[PDB]
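>
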Amino acid sequence: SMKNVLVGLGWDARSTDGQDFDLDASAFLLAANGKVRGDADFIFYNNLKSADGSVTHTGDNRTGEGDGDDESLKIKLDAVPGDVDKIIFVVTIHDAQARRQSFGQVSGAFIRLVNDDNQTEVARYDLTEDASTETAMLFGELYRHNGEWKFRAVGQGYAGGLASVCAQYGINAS
Ligand SMILES: [Ca+2]
Ligand SMILES: [Ca+2]
Numbered sequence: 001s002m003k004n005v006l007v008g009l010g011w012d013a014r015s016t017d018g019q020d021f022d023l024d025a026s027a028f029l030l031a032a033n034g035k036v037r038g039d040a041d042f043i044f045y046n047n048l049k050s051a052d053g054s055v056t057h058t059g060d061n062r063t064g065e066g067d068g069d070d071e072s073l074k075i076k077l078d079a080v081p082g083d084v085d086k087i088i089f090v091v092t093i094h095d096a097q098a099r100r101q102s103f104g105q106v107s108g109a110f111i112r113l114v115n116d117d118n119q120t121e122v123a124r125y126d127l128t129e130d131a132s133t134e135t136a137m138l139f140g141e142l143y144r145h146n147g148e149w150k151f152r153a154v155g156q157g158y159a160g161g162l163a164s165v166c167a168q169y170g171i172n173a174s
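Sequence positions in the sequence shown follow PDB author numbering and run 1 to 174.
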């Protein structure tokens with residue numbers, strides 16, 4: 001029923017001498033056929049907003065400076081074509097993953113979801129909890145039901161596969 005969704009990621013940044021923590025938010029499209037019509041159809045910094053997906057990214061931060069939802073993504077499900085039938089949101093660590101710095105390395109990052117339609121916080125996962133589990137993580141999922149949108153959390157964690165978690169949605173694993 002959510003007519004408008006707005007995700008918000010936020011975390012405390014720590015500048016020691018130039019280095020800092022910078023998470024990246026993303027969204028992968030997924031068809032109801034069990035495979036996305038093309039994972040490459042995911043919104044990122046290379047796309048200010050979807051032309052027909054009605055999706056729009058607020059902006060990818062570079063440190064987390066902001067006493068509020070650092071990064072965020074606006075999705076007007078009330079304008080999602082009939083092509084896609086399932087969408088998912090994800091938050092992966094930037095290059096800090098190579099230097100071994102999962103979100104846990106941060107002081108305590110947090111995710112937030114709200115329906116820009118009703119303006120009521122829906123939920124928020126704590127990275128400090130699913131952080132010591134890996135480096136990347138999925139907040140939840142979105143799908144259609146009886147002609148009505150419905151969000152569903154799952155809590156998953158990839159051992160680092162920003163390039164894999166993308167196409168991996170196009171093919172199921174063993
Ligand atoms: Ca970022
Ligand atoms: Ca922040």
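For every residue, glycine included, the Cβ atom is placed at its ideal position computed from N, Cα and C.
(1) Can you tell me where the alpha helix (DSSP H) holding residue 258 begins and where it ends?
(2) Thinking just about the alpha-carbon of each residue, which of 9, 71, 81, 110 is nearest to the one in residue 29?
(3) Taking 7 Å as the limit, tell me which residues put their C-beta closer than that to any heavy atom of ligand 1, in chain order.
(4) Per the DSSP calculation, residue 92 is bridged to which residue(s)?
(5) Mind reading off the beta-carbon distance from residue 25 to residue 5? Whole number of angstroms is fine, and I expect it under 8 Å.
(6) Apply the 10 Å Cβ neighbour rule to residue 38 and answer buried if 16 or more other Cβ atoms are within range, or exposed otherwise.
(7) Taking C-beta to C-beta, are residue 79 and residue 102 nearer than 7 Å?
On the basis of the supplied data:
(1) The structure shown does not extend to residue 258, since the chain is modelled only from 1 to 174, so the question has no answer here.
(2) Taking the first residue of the sequence shown as position 1, residue 29 is located at position 29. Ranking the options by Cα distance to residue 29, first place goes to 81.
(3) 22, 23, 24, 60, 61, 62, 71, 94
(4) On the sequence shown, position 92 is the one that residue 92 refers to. 24, per the DSSP bridge assignment.
(5) Locating residue 25 in the sequence shown gives position 25, counting from the first residue. Locating residue 5 in the sequence shown gives position 5, counting from the first residue. Incorrect: roughly 13 Å between the Cβ atoms, too far for contact.
(6) Counting from 1 along the sequence shown, the entry for residue 38 is found at position 38. Looking at its Cβ environment, which holds fewer than 16 other Cβ atoms inside 10 Å, residue 38 is exposed.
(7) Within the sequence shown, residue 79 is the residue found at index 79, counting from 1. Within the sequence shown, residue 102 is the residue found at index 102, counting from 1. No, the pair does not count as a contact, with Cβ atoms beyond the cut-off.
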